[PDB]
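Here is the structure we will look at.
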């Protein structure tokens, strides 16, 4: 509808796949080469389904900060025959607050879905389903199940992936440039 949804649409059309684990279907952001991200609570194993194709997982890493605290981001390398568009230059280098964010989801259940979530707070510490979690972004949208993995963008930046909510607010794990330095 406007330049926010334009940027979000550009990311969704080239840099997302539908990931299926034993914990369900997720939006999964491809970042560069065969490297993608997903909420750690997806519990990625040896094999994953990518757009309903059985795919071997070459590597999976559950990120923790240097305090040894959960970040809820799993970096996954896929045994796929095709590379993602490199979007590492759209990742912010620092933790920050942002205005006018969009949350974008694509699954079987929620295809071509885009939500204007508005202002995004650098929230920091969250007890997420009982797990101490750091580097959390918060937006005042009553987000629901099916939306985890969803991509949080501003015009020009990909800032995080949706990992939960409480019925009033939604929560995203920050993406930072430094996670994907090869």
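Start at 1 and count along the chain as shown; that gives each residue its number.
Just so you know, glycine gets a Cβ as well, placed from its N, Cα and C.
The domain 'Peptidase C3' annotation in Swiss-Prot covers 2-180 and is backed by sequence analysis.
According to Swiss-Prot, the active site, for protease 3C activity annotation covers 41 (among others). Counting every protein chain shown, the Cβ of residue 41 (active site, for protease 3C activity) has 18 other Cβ atoms within 10 Å.
Per Swiss-Prot, active site, for protease 3C activity is recorded for 72 (among others), and the stated evidence type is sequence analysis. Remark: residue 72 (active site, for protease 3C activity) has 39, 40, 41, 63, 128, 131, 133, 163, 173 as non-local neighbours, by Cβ distance under 8 Å and separation of at least 6 in sequence.
The active site, for protease 3C activity annotation in Swiss-Prot covers 148 (among others), and the record cites sequence analysis as its basis. Other Cβ atoms within 10 Å of the Cβ of residue 148 (active site, for protease 3C activity), summed over all protein chains shown, number 26.
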